[PDB]
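Below is one structure, written out as structure tokens; the observations come after it.
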Amino acid sequence: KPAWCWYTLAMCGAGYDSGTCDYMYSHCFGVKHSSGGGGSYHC
Ligand SMILES: *[C@@H]1O[C@H](CO)[C@@H](O)[C@H](O)[C@H]1NC(C)=O
Ligand SMILES: *[C@@H]1O[C@H](CO)[C@@H](O)[C@H](O)[C@H]1NC(C)=O
């Protein structure tokens, strides 16, 4: 994994954050869930 994530422990969401995440929603933990596809950037 990159220098942003760590594992699938799923820290945030369980009080670790203001229930708020970032890199996790980037399909790094497997918690995010959408109807379409997402996971894109305006690079
Ligand atoms: C969550 O963020 C709020 C500010 O938006 C802050 O006041 C609060 O202490 C934070 N809580 C945690 C667990 O990070
Ligand atoms: C596009 O931006 C990404 C970072 O979001 C960067 O890693 C990549 O090198 C950039 N590619 C080009 C062609 O600018």
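Labeling convention for the structure tokens: chains A, B, ... as they appear, residues from 1 per chain, ligands from 1 in order of appearance.
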
Contacts with ligand 1 at most 12 Å, only C-alpha atoms and all ligand atoms counted, listed as a ChimeraX atom specification:
/A:11-21

Distance limit 10 Å, reference ligand 2, atoms considered: only C-alpha atoms and all ligand atoms. Which residues make the cut? Give them as a PDB file with N, CA, C and O atoms, in the first residue's frame.
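The result, written out as part.pdb:
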ATOM      1  N   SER A  40     -12.472   8.664  -9.539  1.00  0.00           N
ATOM      2  CA  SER A  40     -11.856   9.389 -10.644  1.00  0.00           C
ATOM      3  C   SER A  40     -11.329  10.743 -10.179  1.00  0.00           C
ATOM      4  O   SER A  40     -11.670  11.216  -9.095  1.00  0.00           O
ATOM      5  N   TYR A  41     -10.494  11.361 -11.007  1.00  0.00           N
ATOM      6  CA  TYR A  41      -9.917  12.660 -10.682  1.00  0.00           C
ATOM      7  C   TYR A  41      -9.875  13.562 -11.912  1.00  0.00           C
ATOM      8  O   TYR A  41      -9.914  13.086 -13.047  1.00  0.00           O
ATOM      9  N   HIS A  42      -9.795  14.868 -11.678  1.00  0.00           N
ATOM     10  CA  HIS A  42      -9.747  15.838 -12.766  1.00  0.00           C
ATOM     11  C   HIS A  42      -8.305  16.203 -13.105  1.00  0.00           C
ATOM     12  O   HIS A  42      -7.995  17.361 -13.383  1.00  0.00           O
ATOM     13  N   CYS A  43      -7.426  15.206 -13.080  1.00  0.00           N
ATOM     14  CA  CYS A  43      -6.017  15.421 -13.383  1.00  0.00           C
ATOM     15  C   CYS A  43      -5.832  15.849 -14.836  1.00  0.00           C
ATOM     16  O   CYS A  43      -6.040  15.035 -15.734  1.00  0.00           O
TER      17      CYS A  43
END

| When you draw a straight line from CA of residue 6 in chain A to CA of residue 36 in chain A, how long is it in Å? |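 Going from CA of residue 6 in chain A over to CA of residue 36 in chain A covers 26.0 Å.
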
How many Å lie between CA of residue 5 in chain A and CA of residue 23 in chain A, rounded to one decimal?
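Calculated distance between CA of residue 5 in chain A and CA of residue 23 in chain A is 6.4 Å.
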
Q | Residues near range 26-29 of chain A, cut-off 7 Å, only C-alpha atoms, skip fewer than 3 positions along chain, as a ChimeraX atom specification | A | /A:5,7-8,10,23,32,39
